[PDB]
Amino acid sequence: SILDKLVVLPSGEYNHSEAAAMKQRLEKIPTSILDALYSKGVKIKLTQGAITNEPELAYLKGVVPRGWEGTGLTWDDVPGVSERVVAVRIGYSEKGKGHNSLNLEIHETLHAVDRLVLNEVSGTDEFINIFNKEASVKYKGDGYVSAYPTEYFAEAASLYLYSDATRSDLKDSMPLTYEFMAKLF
């Protein structure tokens, strides 16, 4: 599997079974897309501590994420991020673990796929049209998935890839998004 080289586990001590479970869920992403991620120098780092403990993310320590002034939140509290590295904290996959995604590792990986593999497909007129019609169905008022096409892309692709139940739910609730995802994957 491409995941044996794309997924970087900690060199120190880590929760073995949880890291394996996350690695297994990343297999829901098509192999061709994972291959393409690796060719762009992308690494999916599963971290045992705060993502900011990673040398390349240490610069974010004590910095306030945009939109969060006056809340006491810093990047140290954020369980996952996606830039040229995808960093996800081990044990924080489920909704409510410091984020509101269906699955943290799939969600954050799909941002890197959008940016570095698919030429920002979330920003195309076709996807914008879909986002304007359907992002409101499940996410109205969240100022996040319903506010940014990149977020709707990552979360709606997560619904598509995670399980058969979440995909069926997407097909019924957001049919234009389901059609776009099926054509893409």
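Residue numbers run from 1 along the displayed sequence.
For the segment pair 46 to 54 and 139 to 147, the entry gives 46 to 54 the higher mean B-factor, averaged over Cα atoms. Legend: mean Cα B-factor per stretch from the PDB entry, 22 to 30 versus 151 to 159; the higher mean is in 22 to 30. Compared with the other modelled residues of the chain, the Cα B-factor recorded for residue 117 ranks in the middle third. The deposited CA B-factor of residue 95 belongs to the middle third of values across its chain. Among all modelled residues in its chain, residue 130 ranks in the middle third by Cα B-factor. Ranked against the other modelled residues of its chain, the C-alpha B-factor of residue 123 as given in the entry falls in the middle third.
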